[PDB]
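Number of protein chains: 2
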Amino acid sequence: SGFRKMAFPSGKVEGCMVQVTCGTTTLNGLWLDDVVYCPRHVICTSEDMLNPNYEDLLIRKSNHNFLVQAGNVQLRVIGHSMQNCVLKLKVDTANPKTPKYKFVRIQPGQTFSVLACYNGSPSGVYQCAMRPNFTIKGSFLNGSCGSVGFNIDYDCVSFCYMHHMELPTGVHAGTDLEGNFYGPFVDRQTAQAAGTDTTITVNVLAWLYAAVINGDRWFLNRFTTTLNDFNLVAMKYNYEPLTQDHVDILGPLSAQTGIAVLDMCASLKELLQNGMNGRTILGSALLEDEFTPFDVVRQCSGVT
Amino acid sequence: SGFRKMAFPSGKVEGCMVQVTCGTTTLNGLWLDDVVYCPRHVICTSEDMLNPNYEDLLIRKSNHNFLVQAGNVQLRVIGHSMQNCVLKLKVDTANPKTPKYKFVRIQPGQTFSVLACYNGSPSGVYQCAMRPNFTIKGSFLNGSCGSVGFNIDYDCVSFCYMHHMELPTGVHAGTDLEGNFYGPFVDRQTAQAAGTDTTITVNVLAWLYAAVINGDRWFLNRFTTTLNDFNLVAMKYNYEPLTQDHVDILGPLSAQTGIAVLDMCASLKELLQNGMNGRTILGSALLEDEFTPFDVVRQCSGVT
Ligand SMILES: C[C@@]1(C(=O)Nc2cncc3ccccc23)CCOc2ccc(Cl)cc21
Ligand SMILES: C[C@@]1(C(=O)Nc2cncc3ccccc23)CCOc2ccc(Cl)cc21
Numbered sequence: 001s002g003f004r005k006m007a008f009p010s011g012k013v014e015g016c017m018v019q020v021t022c023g024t025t026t027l028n029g030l031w032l033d034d035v036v037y038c039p040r041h042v043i044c045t046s047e048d049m050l051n052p053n054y055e056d057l058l059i060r061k062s063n064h065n066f067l068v069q070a071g072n073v074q075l076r077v078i079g080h081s082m083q084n085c086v087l088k089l090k091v092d093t094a095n096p097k098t099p100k101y102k103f104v105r106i107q108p109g110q111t112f113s114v115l116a117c118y119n120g121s122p123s124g125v126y127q128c129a130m131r132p133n134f135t136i137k138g139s140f141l142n143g144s145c146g147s148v149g150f151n152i153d154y155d156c157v158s159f160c161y162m163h164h165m166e167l168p169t170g171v172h173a174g175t176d177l178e179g180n181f182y183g184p185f186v187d188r189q190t191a192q193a194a195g196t197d198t199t200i201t202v203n204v205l206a207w208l209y210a211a212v213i214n215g216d217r218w219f220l221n222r223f224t225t226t227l228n229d230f231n232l233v234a235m236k237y238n239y240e241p242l243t244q245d246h247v248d249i250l251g252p253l254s255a256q257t258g259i260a261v262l263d264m265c266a267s268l269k270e271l272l273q274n275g276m277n278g279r280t281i282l283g284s285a286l287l288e289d290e291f292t293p294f295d296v297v298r299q300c301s302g303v304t
Numbered sequence: 001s002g003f004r005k006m007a008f009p010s011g012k013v014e015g016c017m018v019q020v021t022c023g024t025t026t027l028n029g030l031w032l033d034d035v036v037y038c039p040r041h042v043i044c045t046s047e048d049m050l051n052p053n054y055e056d057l058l059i060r061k062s063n064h065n066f067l068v069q070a071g072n073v074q075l076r077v078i079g080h081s082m083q084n085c086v087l088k089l090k091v092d093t094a095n096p097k098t099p100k101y102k103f104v105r106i107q108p109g110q111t112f113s114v115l116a117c118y119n120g121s122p123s124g125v126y127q128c129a130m131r132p133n134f135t136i137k138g139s140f141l142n143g144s145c146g147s148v149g150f151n152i153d154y155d156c157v158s159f160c161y162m163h164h165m166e167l168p169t170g171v172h173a174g175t176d177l178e179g180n181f182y183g184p185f186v187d188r189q190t191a192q193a194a195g196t197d198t199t200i201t202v203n204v205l206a207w208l209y210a211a212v213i214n215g216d217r218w219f220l221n222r223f224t225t226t227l228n229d230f231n232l233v234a235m236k237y238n239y240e241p242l243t244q245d246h247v248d249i250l251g252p253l254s255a256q257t258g259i260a261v262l263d264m265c266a267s268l269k270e271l272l273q274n275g276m277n278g279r280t281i282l283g284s285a286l287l288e289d290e291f292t293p294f295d296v297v298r299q300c301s302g303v304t
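Protein chains in written order, with PDB author numbering: chain A, 1 to 304; chain A', 1 to 304. A prime marks a further copy of an entry chain.
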């Protein structure tokens, strides 16, 4: 029992972190097989960030201008290429610690773990979600660029995020491992504002199921609702609309607890309308939306 | 910017997790050098837990009754001993992945990361604190026993907790790595109730400093207070008394923000008396107490 914001064990990803330096800029790289992936803005100075022409800046760089250090040993760079907003640096040595891996592009609402790194060294691990506005609410300082987000399925690491930028609002933007940004963000120091950060409804419901499983049941009411009636309330509270696909995904949690998905929707509707009244659910005074239904099942079943 | 409940990278500890089985009971063990540490209740059946005589039960066990598996390979047990509530199983092979380590007994209010494990395999990592009532609010299922709590200082892992038990209230109890329980808990399935779970005041103040550093400043007021006046309020709200030692420990955060510790105490006093009024601090609607002043500095400075 108990329910925590749990991250995946980070060891498999720690074995891939390297430091990449180009000129005077240093950030993190991800070493998988004989390729090091890193944000393309490793070639920029702080002044270049205001209006960078990456293709033009990259012409002035050769393989020997990219310094890659793994632990305390230098890797030899034998090739370089730009794919969207990431650089792929071919090295002469395959990472001996390369885990089984995939590159995946996640959908908004999906969660992942982040291994925050500085100078190719891991500082910490935390769990977050891709927000509906395609930002992440991370914890990143200068030099954290190139830190990655991932999920693990038994022994396969699915890398889904590489950190690139902090917006003026303190929220974070980045790319998948093919270098495509999540959302409309561009790798330039210009006015980029995030859209509405709505609440991931299907995740809130999963966390309410997690609360019932772990004994917190005060919020369960005598009501039910319909998808359309619930969604009228969800729109009013800046919650994402719930679809039948989300109801289907909550099926296992509904079966485990014996609480129909629409009855849980009616409990959530009352919590939105009445508030918490100073009470807590799973030690929180807000409705938590960074646990997917898959996360709740995984944590409540002990998947390793 | 951004502030997350961050755990230490778990790789160094994942390299130490093994499975220990005795008879029909299986739990986790921690393999460091040529010794495997695990809860002594690995020798008990579910029926033995009601009233166990560990010394008597251990007489019926020989080295070959303890099965230790690391990954998928079996370790040879060449000795066994009981130290307080843990068993130390001497194996014939030193763990090649043994990190630099220390065994430390933490004080209430101190935080650590937990690598939750099942069958010697890591499931996840999360951050928690030793509560003032010597319980931890973890996320542990049956078979998680022997999972460990730790802190990392550059390359040295200080192990501080080994999981043993879940109380009927859903909170957790365990030992240090010498087998001594934190608090008054005993490894027996009997009525053990936890004492008052008070709020770790010095941690709340550190997290308020973290909020100011990260831009959340609405709660700062025009007031100051004294240690004695603040403590009258803290006692009323089940907060731990703040001492001059705690004020000293908040010195670096006070210097970074320019906010005197007693002025932050006055802001916290007003938050306790007035509540949040539906507002949030660092995305929380409650005052967070599982970040120490050291954690706030570490996260806000990027220590690797
Ligand atoms: C490199 C830089 C940045 O956001 N980096 C950072 C990333 N994370 C946390 C940060 C905390 C504090 C300071 C910078 C942070 C700064 C200049 O403007 C830009 C513009 C675009 C891009 Cl793709 C990166 C950047
Ligand atoms: C072994 C056992 C236990 O608490 N273990 C567990 C530890 N963590 C999470 C649990 C979640 C669900 C089921 C059990 C959990 C059960 C019997 O009573 C006792 C009594 C004493 C001790 Cl030292 C251990 C135990």
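Every residue, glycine too, gets a C-beta built ideally from N, C-alpha and C.
Query, Result
"Tell me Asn28(A)'s beta-bridge partners as DSSP assigns them.", "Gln19(A)"
"When you compare the CB of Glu14(A) with every CB in chain A', is at least one pair closer than 7 Å?", "yes"
"Can you give the Cα-Cα distance for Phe291(A') and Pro132(A'), rounded to whole angstroms?", "14 Å"
"Look up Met235(A) in the DSSP assignment and give the residues it is bridged to.", "Beta-bridge pairing links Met235(A) to no other residue."
"Under 6 Å from any heavy atom of ligand 2, does the C-beta of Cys117(A') make it?", "no"
"Using the three-state DSSP reduction, which class does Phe294(A) fall into: helix, strand or coil?", "helix"
"Which residues in chain A' sit within 7 Å of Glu166(A), going by Cβ to Cβ distance?", "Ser1"
"Just checking my contact of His246(A') with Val202(A') at CB under 8 Å: how many whole Å lie between their CB atoms?", "4 Å"
"Around the Cβ of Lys5(A), are there at least 16 other Cβ atoms within 10 angstroms (buried) or fewer (exposed)?", "buried"
"Should the segment 233 to 248 of chain A be called in touch with the segment 29 to 42 of chain A', which here means at least 3 C-beta pairs below 8 Å?", "no"
"Does at least one heavy atom of ligand 1 sit under 6 Å from the Cβ of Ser147(A')?", "no"
"Would you kindly report the start and end of the unbroken beta strand (DSSP E) that includes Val13(A)?", "Here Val13(A) belongs to no beta strand (DSSP E); instead the alpha helix (DSSP H) covers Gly11 to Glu14."
"Verify the contact flag: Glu55(A'), CB atom, against every heavy atom of ligand 2, threshold strictly below 6 Å.", "no"
"Using a Cβ-Cβ cut-off of 7 Å (strictly less than) and excluding sequence neighbours within five positions of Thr225(A'), which residues of its own chain qualify?", "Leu262, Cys265, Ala266 and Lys269"
"Between which two residues does the alpha helix (DSSP H) harbouring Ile213(A) extend?", "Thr201 to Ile213"
"How long is the line joining the alpha carbons of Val157(A) and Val35(A), rounded to whole angstroms?", "16 Å"
"Could you tell me whether the Cβ of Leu57(A) comes closer than 7 Å to any Cβ of chain A'?", "no"
"Tell me which same chain residues have a C-beta within less than 8 Å of the C-beta of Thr196(A'), skipping the five on either side of it?", "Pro132, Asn133 and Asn238"
"Taking CB distances under 7 Å as the criterion, tell me whether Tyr239(A) reaches chain A'.", "no"
"Quick check: the segment 108 to 121 of chain A' against the segment 140 to 149 of chain A', are at least 3 beta-carbon pairs closer than 8 Å?", "yes"
"For the alpha helix (DSSP H) containing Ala266(A), list its first residue and its last residue.", "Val261 to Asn274"
"Based on DSSP bridge pairs, tell me the residues matched to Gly302(A).", "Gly302(A) is not bridged to any residue."
"Counting pairs of Cβ atoms below 8 Å between the segment 209 to 222 of chain A and the segment 173 to 193 of chain A, do you hit three or more?", "no"
"Are any of the Cβ atoms in chain A' nearer than 7 Å to that of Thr304(A)?", "yes"
"From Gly251(A) to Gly302(A), what does the alpha carbon distance come to, in whole angstroms?", "19 Å"
"Could you confirm whether any beta carbon from chain A is found closer than 7 Å to the beta carbon of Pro293(A')?", "no"
"Whose C-alpha, out of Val13(A'), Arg76(A') and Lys137(A'), is nearest the C-alpha of residue 391(A')?", "Any question about residue 391(A') goes unanswered here, given that chain A' covers just 1 to 304."
"Give the DSSP-derived three-state secondary structure of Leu87(A') in the structure shown.", "strand"
"Measuring alpha carbon to alpha carbon, tell me which of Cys160(A), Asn231(A) and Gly183(A) ends up nearest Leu272(A).", "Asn231(A)"
"DSSP on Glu55(A), reduced to helix/strand/coil?", "helix"
"Using the beta-carbon of each residue, which ones in chain A' are nearer than 8 Å to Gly170(A)?", "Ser1, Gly2, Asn214 and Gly215"
"Can you tell which of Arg222(A), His41(A), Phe3(A) and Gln189(A) has the C-alpha that lies nearest to the C-alpha of residue 322(A')?", "Past the edges of chain A', shown from 1 to 304, lies residue 322(A'), and the structure says nothing about it."
"Apply the 10 Å Cβ neighbour rule to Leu50(A) and answer buried if 16 or more other Cβ atoms are within range, or exposed otherwise.", "exposed"
"Taking CB distances under 7 Å as the criterion, tell me whether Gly109(A') reaches chain A.", "no"
"Return the chain-ordered list of same chain residues with a C-beta closer than 6 Å to the C-beta of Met165(A'), the five sequence neighbours on each side being excluded.", "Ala173"
"Whose Cβ in chain A lies nearer than 9 Å to the Cβ of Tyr118(A')?", "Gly302, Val303 and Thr304"
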